[PDB]
């Protein structure tokens, strides 16, 4: 099958399916996808923090137990669980500096050039002093439960798109 190798606190550990399922991971097979899911209580998660918004990062890899075609699949997870925080006019997404370089922004299937003018036109302001601080104009949104943000990072050699709903909670 596949085993889960977890990079945690600098060490590499291999986890069987049973251990991972007990410790907060789920593995499901689709006719089209292999699906890996992690609960925020799962083992080996690293929890960064920017203000009151939490970013959970898991550096995960799927390693085949069948060594003849030895296959290794990096499946890193980067999630700002508590994002966004909203106020009267702006929804704020706060990403701490965690090893990921913000390389792309997508709002409702629209990729936004990182030009300051393009971001401002799209109602987005980006602060880079202490982590990435996104303040997103609520007007440009398209209602509630209808808006998605994909922040793409380059995380330790892997391009990781993080999909979050921009709902105020």
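Positions refer to the first chain, counted from 1.
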| request: Pick between 90 to 98 and 77 to 85: the one whose mean CA B-factor in the entry is higher. | output: 90 to 98
| task | Please work out which of 139 to 147 and 64 to 72 has the higher mean CA B-factor as recorded in the PDB entry. | result | 139 to 147
| remark: From the entry's CA B-factor values, the highest among 26, 111, 125, 115 is 115
| query | Of the options 39, 121, 46, 35, which has the highest CA B factor as deposited? | reply | 121
| message | Which third, lowest, middle or highest, does the C-alpha temperature factor of residue 58 belong to within its own chain? | response | middle
| field | Among modelled residues of the same chain, the CA temperature factor third for residue 107 | value | highest
| note | Here the Cα B-factor of residue 163, set against its chain, lands in the third termed lowest
